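Here's the structure, in structure tokens; my notes come after.
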Amino acid sequence: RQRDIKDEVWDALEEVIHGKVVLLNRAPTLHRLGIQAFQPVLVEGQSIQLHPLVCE
Amino acid sequence: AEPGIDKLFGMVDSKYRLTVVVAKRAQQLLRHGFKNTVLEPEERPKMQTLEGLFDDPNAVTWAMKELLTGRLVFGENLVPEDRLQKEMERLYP
Amino acid sequence: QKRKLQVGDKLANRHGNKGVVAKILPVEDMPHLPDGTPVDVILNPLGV
Amino acid sequence: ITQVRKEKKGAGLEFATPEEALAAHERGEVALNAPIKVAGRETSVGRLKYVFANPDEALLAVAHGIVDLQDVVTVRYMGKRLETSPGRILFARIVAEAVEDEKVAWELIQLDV
Amino acid sequence: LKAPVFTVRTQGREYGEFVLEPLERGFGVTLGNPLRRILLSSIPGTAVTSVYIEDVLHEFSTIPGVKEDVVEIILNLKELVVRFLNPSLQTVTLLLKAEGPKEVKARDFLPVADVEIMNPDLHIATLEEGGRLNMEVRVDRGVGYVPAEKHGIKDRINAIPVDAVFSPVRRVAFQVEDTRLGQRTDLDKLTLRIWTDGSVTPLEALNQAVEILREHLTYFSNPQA
Amino acid sequence: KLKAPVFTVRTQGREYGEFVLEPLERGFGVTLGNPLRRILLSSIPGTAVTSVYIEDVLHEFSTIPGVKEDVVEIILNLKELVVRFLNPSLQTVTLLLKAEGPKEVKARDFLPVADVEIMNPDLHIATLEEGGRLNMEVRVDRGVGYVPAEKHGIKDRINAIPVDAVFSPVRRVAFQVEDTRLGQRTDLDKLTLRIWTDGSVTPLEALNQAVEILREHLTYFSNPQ
Amino acid sequence: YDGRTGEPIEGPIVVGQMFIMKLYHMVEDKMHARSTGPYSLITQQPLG
Ligand SMILES: [Mg+2]
Ligand SMILES: [Mg+2]
């Protein structure tokens with residue numbers, strides 16, 4: 001339940017993803033750079049923030 | 001980039017050998033609870049928590065940092081696999 | 001649900017210029033006219 | 001920031017001493033970046049009027065509005081009396097601080113473009 | 001340079017011009033912009049936060065006998081300017097009872113002690129004959145923009161949270177002129193222009209903005225190392 | 001409201017320092033950073049060379065026989081000279097330098113003056129050869145900011161060459177605002193202020209003066225008309 | 001003028017009033033995540 005989630009869960013989630021990376025993939029994956037590994041940074045919102053330099 | 005990644009790549013003949021060593025070292029640290037680390041207390045990776053600084057729980061970060069020190073010996077056919085495990089169990093229960 | 005504009009929502013004009021909102025700035029951060037009127041939307045001239 | 005300004009106000013006037021070339025500039029006859037010839041050499045008023053001891057002074061003058069990033073001036077960088085805009089000097093410092101090596105970064109960039 | 005002369009020109013409780021001259025070259029932007037940013041962001045005010053309408057369960061409903069739906073009524077309420085005459089007052093509830101046919105304005109709220117409505121001619125709803133509008137409007141005091149999803153203030157079960165824009169300052173513009181004193185012509189003439197909804201006079205908003213900037217500058221006093 | 005931010009300082013020597021203020025309300029990193037940067041680069045009092053006289057030199061673009069450095073390079077070296085007045089009453093001084101080849105002229109070769117300290121005595125002025133004369137008279141004034149030689153135009157005697165006066169001890173200011181969080185507040189700002197100075201004033205001292213200058217100007221919004 | 005610095009943009013900016021539409025594609029209706037959940041009948045792979 002969304003209303004049952006306390007504020008300490010988000011602090012724990014920051015500890016969980018520490019050091020870890022995630023894979024961002026955009027289709028079509030024409031070449032191998034279509035999948036790249038990024039260190040996730042927790043943000044408020046619902047959209048993935050992409051670095052400008054990896055857009056090409 | 002990962003810290004010292006250029007130095008890490010220059011220590012192996014193939015970049016994929018670097019990943020194997022880091023991943024195998026990370027599992028060794030996880031299996032024995034980071035008690036087999038070659039890192040001195042001033043060198044242990046730390047994470048910033050609300051309460052305070054604590055040991056970094058990411059073993060891959062530890063494995064990469066340990067390997068830069070040069071205290072890890074890696075290669076093929078170093079020790080028997082069963083002999084390596086039983087010896088590491090005794091030293092680090 | 002009454003949905004307000006948020007980061008990631010897609011905007012467009014009648015001339016084919018489309019894009020998602022990437023940043024919502026406070027009124028004091030937007031560029032403003034000499035009379036003190038801030039702008040509402042900032043578009044990249046490189047899309048023209 | 002790395003593109004320089006070109007002026008057409010003077011654009012060709014020849015003089016005898018640098019002071020004559022500067023003297024025309026305060027009269028409004030020649031612009032700052034207009035290509036002129038002082039005695040025999042081809043220069044501009046900006047390279048004579050503004051000579052900076054280091055990039056810090058050059059970018060301090062930019063902050064005060066004395067010169068623009070696109071105005072060609074004379075700057076003393078790494079022991080060499082350069083004749084470039086503060087923006088090009090600024091770009092050189094951008095690379096030098098990013099790579100944390102002033103000498104190597106100087107060898108990596110094309111300053112005059 | 002001697003102390004600048006401070007000149008104040010006010011047109012009622014909504015507009016004011018504040019002139020500070022002579023200033024050194026470049027101090028017009030140095031002083032004007034921080035005040036403008038503080039005025040437009042960090043000036044406390046009062047805004048409508050929650051509304052309850054009898055026989056209305058949510059904001060996506062229509063009231064019989066009322067031309068406007070609850071969404072439009074709430075939009076009209078968001079433009080209501082309420083001034084608290086008591087500095088210690090933090091929250092007030094405004095009671096509105098109206099029966100059609102009438103155009104219920106902001107002046108139809110029942111009077112409350114130490115509370116003044118600065119725009120009595122604001123139009124809220126248009127009641128048709130046989131239509132009734134019994135509603136309680138909660139006005140809180142705060143700073144900034146608080147969406148209804150954040151505060152979620154409900155005085156009772158059927159109260160409707162309203163996005164609250166507490167900032168009284170409507171618009172700030174500052175002007176830098178080329179004043180001269182003696183033999184130096186590089187001096188600055190700073191003119192601050194403040195537009196407000198009337199609950200807080202522009203002079204009050206300027207005084208609060210100066211204090212906030214002054215209070216923040218005291219944070220540079222104890223150098224932890 | 002938000003808690004008072006913590007002010008941390010990280011100074012290396014007397015020429016560079018990093019100052020961090022956090023947590024700050026959203027947009028207050030820019031609100032506090034830009035005004036301090038403007039005051040630091042244009043208002044911190046300092047001293048600079050404003051005029052130089054060299055014997056046998058007619059103009060700035062000439063060259064002295066018997067010395068490697070031309071007049072322009074000697075002038076450029078003087079602009080790098082850092083001198084601190086030890087007496088507040090002192091306003092302007094002239095420094096005398098007589099050197100004989102083939103020595104290398106340094107900033108320590110200036111004749112000592114009462115309550116006048118050369119911060120960098122190892123500064124290279126000129127390089128002389130056998131049979132070379134360097135008779136130089138530099139005038140040091142007190143001021144703020146950057147003033148071009150053509151603007152102030154200060155000449156002590158005939159054939160004196162005015163020099164651009166880098167009055168401001170602050171060489172460079174670079175401030176950075178970083179997003180930070182304190183619990184459920186995610187819009188908070190962290191301000192990092194980095195100041196480079198010539199060494200005459202500590203970067204902490206320069207920041208303290210800049211804050212005081214900003215604080216003093218806020219007191220000007222006090223007496224209307 | 002710039003709302004952050006107070007200084008003007010070094011060149012005049014094309015400022016005007018333009019009609020912008022908010023399109024039906026919103027990030028609220030498109031964000032999706034999954035750790036474990038339903039699986040297919042035959043292949044036993046996750047659904048889509
Ligand atoms: Mg000059
Ligand atoms: Mg309001």
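Just so we're on the same page: first chain in the structure tokens is A, next is B, and so on; residues restart at 1 for each chain, and ligands are numbered from 1 in the order they show up.
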
TODO: List all protein, DNA and RNA residues that have at least one atom no more than 6 Å from any atom of ligand 1, counting only C-alpha atoms and all ligand atoms, and write them as a PyMOL selection string.
DONE: (chain D and resi 49-51) or (chain F and resi 149)

- [ ] Extract, using only C-alpha atoms, all DNA, RNA and protein residues at most 12 Å from residue G:26, discarding same-chain residues fewer than 5 positions from it, and format them as number ranges by chain.
- [x] A: 45-47; C: 3-11, 19-21; G: 31

Task: Distance-based interface of chain C with chain E, 7 Å, counting only C-alpha atoms, as a count of residues only - done: 5

Open item on the list: Neighbours of ligand 2 at 12 Å or closer, counting only C-alpha atoms and all ligand atoms: which residues, as a ChimeraX atom specification?
Closed with: /E:43-49,75-83,117-119,139-146,162-170,196-200

Mind dumping the selected residues with C-alpha atoms as a JSON list (two decimals), in the first residue's frame?
```
[["chain", "number", "residue", "atom", "x", "y", "z"],
["E", 43, "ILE", "CA", 7.48, 36.17, 1.50],
["E", 44, "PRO", "CA", 4.85, 34.70, 3.86],
["E", 45, "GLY", "CA", 1.19, 35.19, 3.07],
["E", 46, "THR", "CA", -2.29, 33.73, 3.38],
["E", 47, "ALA", "CA", -4.04, 31.52, 0.84],
["E", 48, "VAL", "CA", -7.14, 29.35, 0.62],
["E", 49, "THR", "CA", -6.15, 25.80, 1.57],
["E", 75, "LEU", "CA", -10.43, 28.34, -9.10],
["E", 76, "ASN", "CA", -12.30, 31.48, -8.06],
["E", 77, "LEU", "CA", -11.39, 30.82, -4.42],
["E", 78, "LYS", "CA", -7.70, 30.52, -5.31],
["E", 79, "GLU", "CA", -7.85, 34.20, -6.32],
["E", 80, "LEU", "CA", -9.29, 35.28, -2.95],
["E", 81, "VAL", "CA", -7.02, 37.67, -1.04],
["E", 82, "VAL", "CA", -7.41, 37.44, 2.74],
["E", 83, "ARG", "CA", -5.44, 39.70, 5.08],
["E", 117, "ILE", "CA", -11.00, 40.59, 2.49],
["E", 118, "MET", "CA", -8.91, 42.72, 0.14],
["E", 119, "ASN", "CA", -10.96, 41.97, -3.01],
["E", 139, "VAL", "CA", -7.54, 30.23, 4.92],
["E", 140, "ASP", "CA", -4.11, 29.31, 6.30],
["E", 141, "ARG", "CA", -0.90, 31.33, 6.49],
["E", 142, "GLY", "CA", 2.28, 30.09, 4.88],
["E", 143, "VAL", "CA", 5.10, 30.67, 2.41],
["E", 144, "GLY", "CA", 5.63, 29.36, -1.10],
["E", 145, "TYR", "CA", 3.49, 27.09, -3.26],
["E", 146, "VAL", "CA", 2.03, 24.01, -1.55],
["E", 162, "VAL", "CA", -6.91, 23.34, -2.53],
["E", 163, "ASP", "CA", -3.47, 24.08, -3.93],
["E", 164, "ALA", "CA", -2.14, 27.01, -1.91],
["E", 165, "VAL", "CA", -0.11, 29.85, -3.40],
["E", 166, "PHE", "CA", 0.77, 31.74, -0.23],
["E", 167, "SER", "CA", 3.11, 34.34, -1.73],
["E", 168, "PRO", "CA", 1.42, 37.78, -1.67],
["E", 169, "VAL", "CA", 3.94, 39.36, -4.04],
["E", 170, "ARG", "CA", 2.53, 39.39, -7.57],
["E", 196, "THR", "CA", 1.25, 42.69, -4.30],
["E", 197, "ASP", "CA", -2.34, 41.49, -3.78],
["E", 198, "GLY", "CA", -2.80, 44.05, -0.99],
["E", 199, "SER", "CA", -2.71, 41.80, 2.08],
["E", 200, "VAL", "CA", 0.95, 42.75, 2.57]]
```

Task: At most 12 Å to chain D: residues in chain E, only C-alpha atoms, as an NGL selection string - done: :E and (25-26 or 186)

How would the residues just picked look written out with C-alpha atoms as a PDB file, in the first residue's frame?
```pdb
ATOM      1  CA  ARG E  25      28.832  50.671 -10.219  1.00  0.00           C
ATOM      2  CA  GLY E  26      27.261  47.221 -10.343  1.00  0.00           C
ATOM      3  CA  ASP E 186      29.606  55.253 -13.083  1.00  0.00           C
TER       4      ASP E 186
END
```

Open item on the list: I want to know what sits within 10 Å of stretch 34-47 of chain B, based on only C-alpha atoms, with residues of the same chain fewer than 3 positions away left out; could you give that as number ranges by chain?
Closed with: A: 15, 18-19; B: 25-31, 50, 52-59, 61-63, 65-67, 69-72, 88-89, 91-93

What are the closest atom pairs, with distances in Å to one decimal, for all residues of chain F lying within 10 Å of chain D? Consider only C-alpha atoms, order rows by chain and residue number, and present the result as CSV.
```
residue,atom,partner,partner_atom,distance
F:38,CA,D:63,CA,8.7
F:41,CA,D:60,CA,7.5
F:42,CA,D:64,CA,7.7
F:59,CA,D:19,CA,8.7
F:60,CA,D:19,CA,9.3
F:61,CA,D:18,CA,7.6
F:72,CA,D:51,CA,8.2
F:73,CA,D:53,CA,8.3
F:75,CA,D:53,CA,8.6
F:76,CA,D:53,CA,4.9
F:77,CA,D:53,CA,6.9
F:78,CA,D:53,CA,8.8
F:79,CA,D:53,CA,6.6
F:80,CA,D:53,CA,6.9
F:145,CA,D:64,CA,8.0
F:146,CA,D:61,CA,6.6
F:147,CA,D:61,CA,8.5
F:148,CA,D:66,CA,8.1
F:149,CA,D:49,CA,9.1
F:150,CA,D:49,CA,8.5
F:163,CA,D:51,CA,9.9
F:164,CA,D:52,CA,8.7
F:165,CA,D:57,CA,9.9
F:166,CA,D:57,CA,7.4
F:168,CA,D:60,CA,9.3
F:170,CA,D:60,CA,9.4
F:171,CA,D:56,CA,6.0
F:172,CA,D:56,CA,6.6
F:173,CA,D:60,CA,9.8
F:196,CA,D:56,CA,9.6
```

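When the distance limit is 10 Å and only C-alpha atoms are what count, the residues near stretch 3-7 of chain A, minus those fewer than 3 positions from it on the same chain, are residues 10, 11 and 12 of chain A; 183 and 184 of chain F.
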
Any chance you could export the current selection's N, CA and C atoms as a PDB file, in the first residue's frame?
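Output file selection_28.pdb is given in full below:
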```pdb
ATOM      1  N   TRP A  10      12.725   4.927   2.100  1.00  0.00           N
ATOM      2  CA  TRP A  10      13.496   5.626   1.078  1.00  0.00           C
ATOM      3  C   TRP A  10      14.957   5.766   1.486  1.00  0.00           C
ATOM      4  N   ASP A  11      15.214   5.951   2.783  1.00  0.00           N
ATOM      5  CA  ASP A  11      16.591   5.972   3.264  1.00  0.00           C
ATOM      6  C   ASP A  11      17.259   4.617   3.071  1.00  0.00           C
ATOM      7  N   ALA A  12      16.520   3.533   3.321  1.00  0.00           N
ATOM      8  CA  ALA A  12      17.062   2.196   3.100  1.00  0.00           C
ATOM      9  C   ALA A  12      17.288   1.928   1.617  1.00  0.00           C
TER      10      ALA A  12
ATOM     11  N   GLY F 183      15.907  14.760   4.828  1.00  0.00           N
ATOM     12  CA  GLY F 183      14.718  13.971   5.074  1.00  0.00           C
ATOM     13  C   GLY F 183      13.789  13.923   3.879  1.00  0.00           C
ATOM     14  N   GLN F 184      12.579  14.452   4.038  1.00  0.00           N
ATOM     15  CA  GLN F 184      11.594  14.480   2.965  1.00  0.00           C
ATOM     16  C   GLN F 184      11.700  15.720   2.089  1.00  0.00           C
TER      17      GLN F 184
END
```

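The chain G residues that come within 9 Å of chain C are residues 1, 2, 3, 4, 5, 6, 8, 9, 15, 16, 18, 19, 20, 21, 22, 23, 24, 25, 26, 27 and 28 of chain G, with only C-alpha atoms taken into account.
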
Export, as an mmCIF file, in the first residue's frame, the selected residues with C-alpha atoms.
```cif
data_model
loop_
_atom_site.group_PDB
_atom_site.id
_atom_site.type_symbol
_atom_site.label_atom_id
_atom_site.label_comp_id
_atom_site.auth_asym_id
_atom_site.auth_seq_id
_atom_site.Cartn_x
_atom_site.Cartn_y
_atom_site.Cartn_z
ATOM 1 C CA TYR G 1 17.144 39.528 -17.924
ATOM 2 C CA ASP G 2 18.315 36.423 -16.076
ATOM 3 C CA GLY G 3 16.328 35.528 -12.962
ATOM 4 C CA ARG G 4 19.298 33.883 -11.250
ATOM 5 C CA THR G 5 22.054 36.466 -11.855
ATOM 6 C CA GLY G 6 19.995 39.589 -12.533
ATOM 7 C CA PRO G 8 20.733 40.464 -18.992
ATOM 8 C CA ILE G 9 21.226 37.791 -21.596
ATOM 9 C CA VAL G 15 10.218 36.434 -26.710
ATOM 10 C CA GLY G 16 6.540 36.114 -27.496
ATOM 11 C CA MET G 18 2.772 30.950 -28.381
ATOM 12 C CA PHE G 19 0.003 28.348 -28.265
ATOM 13 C CA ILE G 20 1.310 25.095 -26.754
ATOM 14 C CA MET G 21 -0.753 21.923 -26.339
ATOM 15 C CA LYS G 22 -0.410 19.265 -23.635
ATOM 16 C CA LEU G 23 -0.434 15.934 -25.453
ATOM 17 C CA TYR G 24 -2.136 12.725 -24.342
ATOM 18 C CA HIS G 25 1.193 10.953 -23.711
ATOM 19 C CA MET G 26 2.070 11.512 -20.048
ATOM 20 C CA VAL G 27 4.883 10.013 -17.990
ATOM 21 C CA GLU G 28 2.308 9.052 -15.345
#
```
